[PDB]
**Student:** 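Sharing a structure below in structure tokens format, with a few things to ask.
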Protein chains: 2
Amino acid sequence: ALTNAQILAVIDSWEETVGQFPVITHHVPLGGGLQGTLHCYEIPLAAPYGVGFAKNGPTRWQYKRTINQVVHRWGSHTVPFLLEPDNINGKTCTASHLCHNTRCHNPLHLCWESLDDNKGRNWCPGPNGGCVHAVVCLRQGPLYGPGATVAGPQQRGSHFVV
Amino acid sequence: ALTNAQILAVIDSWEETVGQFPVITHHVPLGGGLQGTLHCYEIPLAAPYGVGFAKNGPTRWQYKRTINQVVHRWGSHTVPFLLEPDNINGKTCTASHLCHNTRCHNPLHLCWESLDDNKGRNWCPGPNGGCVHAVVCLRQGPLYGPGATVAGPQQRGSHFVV
DNA sequence: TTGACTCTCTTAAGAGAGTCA
DNA sequence: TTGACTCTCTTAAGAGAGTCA
Ligand SMILES: [Tl+]
Ligand SMILES: [Tl+]
Ligand SMILES: [Zn+2]
Ligand SMILES: [Zn+2]
Ligand SMILES: [Zn+2]
Ligand SMILES: [Zn+2]
């Protein structure tokens with residue numbers, strides 16, 4: 001098992017490497033009709049990605065470090081949270097992009113929460129539109145809005161009441 | 001099946017059978033500290049479920065009818081929408097429970113929308129809490145709230161900015 | 001020890017189709 | 001014809017692990 005010092009060193013080498021990713025400025029909706037700016041540190045689209053990083057899926061990467069001849073590997077966005085509890089309320093903790101930008105590995109753009117909380121940020125009105133998340137959103141969710149419903153509630157007869 | 005008249009006959013037969021399901025009253029949060037009341041028509045927990053209905057999964061059912069001697073089968077919640085486009089913006093249309101009650105088959109609790117719109121209703125603040133869905137929600141989403149984030153955005157060094 | 005690939009799995013909102021009687 | 005079971009698949013937010021040099 002890695003000591004807490006070894007984990008800290010893993011987190012430090014991860015931050016060192018990610019800090020050299022290309023930094024892209026994105027203008028984003030905050031809610032309430034406001035505009036804000038996020039700076040994402042984006043993993044490259046193709047190899048090489050950076051020391052310790054490899055792509056295991058179209059938008060999935062892993063970080064790998066070998067310590068005392070033992071290979072350790074983590075999901076690439078989970079590394080900032082290696083000193084945190086890994087579950088809550090019986091649910092696994094997941095890396096959650098506050099910037100909604102999968103390639104971004106900026107730890108200031110990530111939080112550590114259940115998959116349901118993670119997903120729900122897709123529909124949040126944003127920090128200036130009424131977000132109620134205790135760890136506040138950085139932007140309005142990309143899927144927030146009136147939606148595109150094709151057909152609403154309806155019946156042909158009179159068998160039903162709401 | 002194929003013709004419009006045949007499709008109307010399927011919707012009417014479905015409504016007649018579901019109109020005989022047990023009607024269960026559920027009191028629900030509306031948002032804004034308000035409460036409302038919904039009447040769900042709930043498919044039975046075990047066989048028999050009703051004429052034409054069979055369970056294909058723990059919370060999945062199908063409706064089956066024999067038309068021109070050929071069996072036609074649909075997901076049990078899709079029948080009200082058989083005359084609607086089955087996609088929108090290149091996304092499949094799905095039956096979306098406004099009451100968030102899978103066993104309910106009340107078509108006044110169903111709409112027809114992309115899977116993303118469907119999912120997002122889980123986190124909607126509700127019709128009295130700021131819902132912006134064009135086809136309005138019937139209740140606050142069961143997952144709306146501050147969340148239970150274990151760790152927020154953080155860095156150990158000074159390589160990152162928001 | 002390291003890079004660049006390969007594969008399958010989880011979750012919770014949803015689906016389609018076959019085997020018997 | 002109808003009922004009651006079986007099985008796997010889709011999506012988009014997320015994961016773990018093997019092989020080879
Ligand atoms: Tl997310
Ligand atoms: Tl739903
Ligand atoms: Zn970012
Ligand atoms: Zn939020
Ligand atoms: Zn209902
Ligand atoms: Zn809504």
Side-chain angles (χ1 to χ4, degrees), chain A residues 13 17 44 46-79 81 86-87 90-98 100-102 110-124 141-143, chain B residues 13 17 44 46-79 81 86-87 90-98 100-102 110-124 141-143:
Chain A
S13 71
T17 296
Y49 306 98
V51 172
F53 285 94
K55 166 188 289 170
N56 53 312
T59 49
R60 305 293 311 160
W61 310 265
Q62 295 166 294
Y63 191 66
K64 177 167 78 178
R65 296 280 82 189
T66 301
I67 297 144
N68 306 142
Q69 301 207 88
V70 175
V71 183
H72 300 269
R73 189 160 41 166
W74 310 267
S76 67
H77 300 101
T78 73
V79 176
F81 308 113
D86 49 83
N87 62 63
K91 298 157 192 307
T92 309
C93 291
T94 67
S96 177
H97 275 94
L98 299 171
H100 299 276
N101 174 6
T102 310
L110 299 166
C111 63
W112 189 235
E113 63 191 7
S114 77
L115 185 58
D116 267 342
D117 287 350
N118 185 332
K119 287 172 170 168
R121 290 185 192 267
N122 287 351
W123 296 271
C124 191
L143 305 180
Chain B
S13 66
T17 307
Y49 308 94
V51 170
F53 286 94
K55 164 187 289 152
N56 52 315
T59 56
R60 302 300 301 168
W61 310 268
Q62 296 167 115
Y63 192 61
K64 175 163 93 181
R65 292 281 80 185
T66 292
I67 306 319
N68 287 129
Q69 273 188 279
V70 317
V71 167
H72 296 256
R73 192 161 45 167
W74 309 267
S76 64
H77 294 105
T78 70
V79 178
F81 304 113
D86 61 20
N87 69 74
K91 295 163 177 349
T92 306
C93 289
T94 66
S96 175
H97 273 94
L98 300 171
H100 298 283
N101 181 6
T102 319
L110 296 174
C111 67
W112 189 240
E113 62 192 359
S114 73
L115 188 60
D116 270 342
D117 285 349
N118 190 330
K119 279 167 186 176
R121 294 183 187 268
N122 289 351
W123 296 269
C124 188
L143 302 186

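We name chains A, B, ... by the order of the sequence lines, and we start the count at 1 in each one. Hydrogens, waters and symmetry mates are skipped; everything else that's a heavy atom, side chains included, is used.
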**Student:** As a test of reading the structure: which of D:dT6, C:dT2, C:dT10 is closest to the side chain of A:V71, going by heavy atoms?
**Tutor:**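 The answer is C:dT2.
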**Student:** Using the closest heavy atom to pick a nucleotide of DNA chain C for each, name whichever of A:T92 or A:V70 lands nearer the 5' end.
**Tutor:**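 First, find each residue's nearest nucleotide; the 5'-ward one identifies A:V70.
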**Student:** Using a heavy-atom cut-off of under 4.0 Å over every strand shown, decide if A:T78 touches base, sugar-phosphate, or nothing.
**Tutor:**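 The answer is sugar-phosphate, as A:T78 gets under 4.0 Å only of primed atoms, P, OP1 or OP2.
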**Student:** So, north or south for the sugar of D:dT6, given that a negative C1'-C2'-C3'-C4' angle means south?
**Tutor:**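 A north-puckered sugar, given its positive torsion.
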**Student:** In Å, rounded to the nearest 0.5 Å, how long is the span from CG of A:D116 to CH2 of B:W123?
**Tutor:**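 The CG atom of A:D116 sits 5.0 Å away from the CH2 atom of B:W123.
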**Student:** Between A:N87 and A:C93 (side chain of the first, backbone of the second, donor and acceptor by atom type, cut-off under 3.5 Å), is there such a pair?
**Tutor:**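 Side chain of A:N87 to backbone of A:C93: no pair is present.
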**Student:** Is it the case that C:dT11 (base atoms only) and A:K119 (side chain only) share a donor and an acceptor within less than 3.5 Å, ignoring hydrogens and angles?
**Tutor:**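 Check passes, donor-acceptor contact within cut-off.
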**Student:** Taking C1'-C2'-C3'-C4' positive as north and negative as south, where does D:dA17 sit?
**Tutor:**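 A south sugar, the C1'-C2'-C3'-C4' torsion of D:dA17 being less than zero.
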**Student:** Which nucleotide, if any, forms a Watson-Crick or G-U wobble pair with D:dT11, using both distances under 3.5 Å?
**Tutor:**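 Pairing partner: C:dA12.
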**Student:** Heavy atoms under 4.0 Å, any strand shown: does B:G57 hit a base, just sugar-phosphate, or nothing?
**Tutor:**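 If one applies the 4.0 Å heavy-atom cut-off, B:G57 turns out to touch nothing in the nucleic acid.
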**Student:** For the atom pair OG1 (B:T66) and CZ (B:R73), what is the distance rounded to the nearest 0.5 Å?
**Tutor:**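 CZ of B:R73 is found 11.0 Å from OG1 of B:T66.
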**Student:** Using a 4.5 Å cut-off on heavy atoms from C-beta on, say whether the side chain of A:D86 contacts that of A:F81.
**Tutor:**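 SC-SC contact between A:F81 and A:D86 ruled out.
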**Student:** Indicate, yes or no, whether a donor-acceptor pair under 3.5 Å links the base of C:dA17 to the side chain of B:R73.
**Tutor:**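 In this structure, the two groups form a donor-acceptor pair.
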**Student:** Atom CG of A:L115 and atom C1' of D:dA12: how far apart are they, to the nearest Å?
**Tutor:**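 For the pair A:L115 CG and D:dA12 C1', the rounded distance is 9 Å.
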**Student:** What does D:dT19 pair with, Watson-Crick or G-U, if both distances are under 3.5 Å?
**Tutor:**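 When the pairing criteria are applied, C:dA4 turns out to be the nucleotide that pairs with D:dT19.
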**Student:** Classify the sugar of C:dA15 as north or south, using the sign of the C1'-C2'-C3'-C4' torsion: positive means north, negative means south.
**Tutor:**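 North is the answer for C:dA15, its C1'-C2'-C3'-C4' torsion being positive.
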**Student:** Starting from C1' on C:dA13, measure out to CG on B:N101 and report it in whole angstrom.
**Tutor:**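 It works out to 14 Å between those atoms.
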**Student:** Report the nucleotide, chosen from C:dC5, D:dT6, D:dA4, that has the shortest atom-to-atom distance to any side-chain atom of B:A47.
**Tutor:**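 Nearest nucleotide to the side chain: D:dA4.
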**Student:** On the side chain of B:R60, is there an atom forming a donor-acceptor pair with the base of C:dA15 - under 3.5 Å, no angle test?
**Tutor:**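 Counting by modelled atom types and ignoring angles, a donor-acceptor contact under 3.5 Å is found here.
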**Student:** Can you say whether a donor on the side chain of B:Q62 sits under 3.5 Å from an acceptor on the base of C:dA15, or the other way round?
**Tutor:**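 Such a pair does not exist between side chain and base.
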**Student:** Just by the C1'-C2'-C3'-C4' torsion, is D:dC9 north or south?
**Tutor:**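 On the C2'-endo side: south.
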**Student:** Go nucleotide by nucleotide along DNA chain C from the 5' end; which of B:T102 and A:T66 gets its closest nucleotide reached first?
**Tutor:**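 Nearest nucleotide further toward 5': that of A:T66.
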**Student:** Using the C1'-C2'-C3'-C4' dihedral sign as the criterion, classify the sugar of D:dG16 as north or south.
**Tutor:**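 A south-puckered sugar, given its negative torsion.
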**Student:** Taking for each residue the nucleotide of DNA chain D with the nearest heavy atom, is it B:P48 or A:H97 whose nucleotide lies nearer the 5' end?
**Tutor:**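 Residue closer to the 5' terminus by nearest nucleotide: B:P48.
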**Student:** Over all strands shown, is A:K91 touching base, sugar-phosphate only, or nothing at heavy-atom distances under 4.0 angstrom?
**Tutor:**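 Answer is nothing: A:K91 stays at 4.0 Å or more from every strand.
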**Student:** So what does A:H77 hit on the nucleic acid, given a heavy-atom distance under 4.0 Å: a base, only sugar-phosphate, or nothing?
**Tutor:**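 Nothing: the residue A:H77, judged by heavy atoms under 4.0 Å, touches no strand.
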**Student:** Separation of B:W123 atom CH2 from C:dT11 atom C1', in whole Å?
**Tutor:**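 Going from B:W123 (CH2) to C:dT11 (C1'), I get 10 Å.
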**Student:** Contact class for A:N56 vs. all strands (heavy atom < 4.0 Å): base, sugar-phosphate, or nothing?
**Tutor:**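 The residue A:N56 makes base contact.
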**Student:** Is B:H77 reaching over with its side chain to a backbone N or O of B:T102, donor-acceptor style, under 3.5 angstrom?
**Tutor:**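 Yes.
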**Student:** Hey, what do you get for NZ (B:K119) to CG (B:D117), rounding to the nearest 0.5 Å?
**Tutor:**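 Going from the NZ atom of B:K119 to the CG atom of B:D117 covers 11.5 Å.
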**Student:** Quick one, B:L115 and B:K91 - any side-chain contact, counting heavy atoms below 4.5 Å?
**Tutor:**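 With C-beta onward as the side chain, the pair stays apart.
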**Student:** Nearest whole angstrom, please: distance from the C1' of D:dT1 to the CZ of B:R65.
**Tutor:**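 Rounded to the whole Å, the gap is 9 Å.
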**Student:** Roughly, in whole Å, what's the span from CG in B:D117 to P in D:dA12?
**Tutor:**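 In whole Å, D:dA12 P and B:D117 CG are 12 Å from each other.
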**Student:** From NZ of B:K64 over to P of C:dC20, roughly how many Å is that when rounded to an integer?
**Tutor:**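 For the pair B:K64 NZ and C:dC20 P, the rounded distance is 15 Å.
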**Student:** From the list D:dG14, C:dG3, C:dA13, which nucleotide is the closest neighbour of the side chain of B:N118?
**Tutor:**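 Comparing D:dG14, C:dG3, C:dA13 against the side chain of B:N118, the answer is C:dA13.
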**Student:** For the pair made of CH2 in B:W112 and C1' in C:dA13, what is the distance, rounded to whole Å?
**Tutor:**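 Distance check: B:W112 CH2 to C:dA13 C1' gives 14 Å.
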**Student:** Starting at atom CH2 of A:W61, determine the distance to atom P of D:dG14, rounded to an integer number of angstrom.
**Tutor:**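 Roughly 10 Å, once rounded to whole Å.
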